[PDB]
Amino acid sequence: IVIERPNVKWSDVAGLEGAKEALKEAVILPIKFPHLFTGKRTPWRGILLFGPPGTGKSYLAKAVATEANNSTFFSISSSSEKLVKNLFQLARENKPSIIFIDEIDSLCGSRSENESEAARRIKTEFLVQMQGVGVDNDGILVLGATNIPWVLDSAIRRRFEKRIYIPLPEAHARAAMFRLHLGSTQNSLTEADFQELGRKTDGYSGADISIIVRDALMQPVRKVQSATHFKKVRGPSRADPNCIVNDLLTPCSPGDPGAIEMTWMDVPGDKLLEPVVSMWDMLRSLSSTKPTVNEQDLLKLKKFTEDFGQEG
């Protein structure tokens, strides 16, 4: 029940400007401009974010959480669980409010057979609470997320009249993720290198790239741990960036001029000048990781919208 609002700006989510606008139109505008969405224009009660894994579903929700300017956010995932009655209640008071249930395929499991019988009233204590005997004409909106939506209950599914597809990133959005997940960190990557990576990642999810950048990111760290030699160098003081020093120590090879023998244990905590993440490190991280979303996965996703499409 994370009742908070993290730090994910729209700017942080690459691509998805379609879903962004969809979400601005059904979640932010209604809250900021009540009088617009009154009468016949009442925002749907439930939005569902479906689409392949690692394409932005949960992440997007966080963006909404922070960009949900006035309303307070509420979250849950795959986590005696009758205090669902408690959640909805909580929200009605702090209305306007948003309720986000990540992987709503949590509260479900059908091959058309497989049930934990007490979770049958879980489905129903939720299903019922969305109708509301005390009609919650509050700014209360229910968000859902899932990468296997077809497994949902007709009753549940049809509870989300607005359904948005979160796809695999187009090339442009791909390059932008590498850039971002790197950020304020020291590196030697050119705008050209980002495009080259974007181009080389045909078919990858956001989660996949997120893994790649984290790996390459860790390169200077592996090189410092494993090094056997360090050179004395010029660079920004660890304590004061705008004071250069002729003193830092960076890892190197023995076949290097100015190579002192020692390990990181010998380097003072405040004299290490770490290596920069290079494009070499990206491609290396890249080669050793392959796309997670296969075709049949994406195919079965076309199915879920086969006339299920909107509302039913």
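From 1 onward, residues are counted along the sequence shown.
Can you tell me how many deposited residues have no coordinates between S112 and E113? The categories are none, 1 to 3, 4 to 9, and 10 or more.
Count of unmodelled residues in between: none.
Test of understanding: from the entry's C-alpha B-factors, which stretch has the higher mean, 22 to 30 or 255 to 263?
Of 255 to 263 and 22 to 30, the stretch with the higher C-alpha B-factor average is 255 to 263.
Which of the two stretches, 60 to 68 or 44 to 52, shows the higher mean Cα temperature factor in the record?
So the stretch with the higher mean C-alpha B-factor is 60 to 68.
Name the residue from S79, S237, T185, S205 with the greatest C-alpha temperature factor listed in the entry.
Among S79, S237, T185, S205, the PDB entry lists the largest C-alpha B-factor for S79.
Quick one: classify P149 as lowest, middle or highest third of the chain based on its Cα B-factor.
Middle third, going by the recorded CA B-factors of the chain.
Taking the C-alpha B-factors as the PDB entry records them, is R214 in the lowest, middle or highest third of its chain?
Bottom third by C-alpha B-factor.
Considering only modelled residues of the same chain, in which third does the CA B-factor of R174 rank: lowest, middle or highest?
Its C-alpha B-factor belongs to the lowest third of this chain's values.
Thinking about Cα B factors across the chain, which third does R158 belong to?
Middle third, going by the recorded CA B-factors of the chain.
Quick check on the deposited entry: does the C-alpha B-factor of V133 sit in the lowest, middle or highest third of its chain?
For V133, whose C-alpha B-factor we compare with every modelled residue in the chain, the answer is the highest third.
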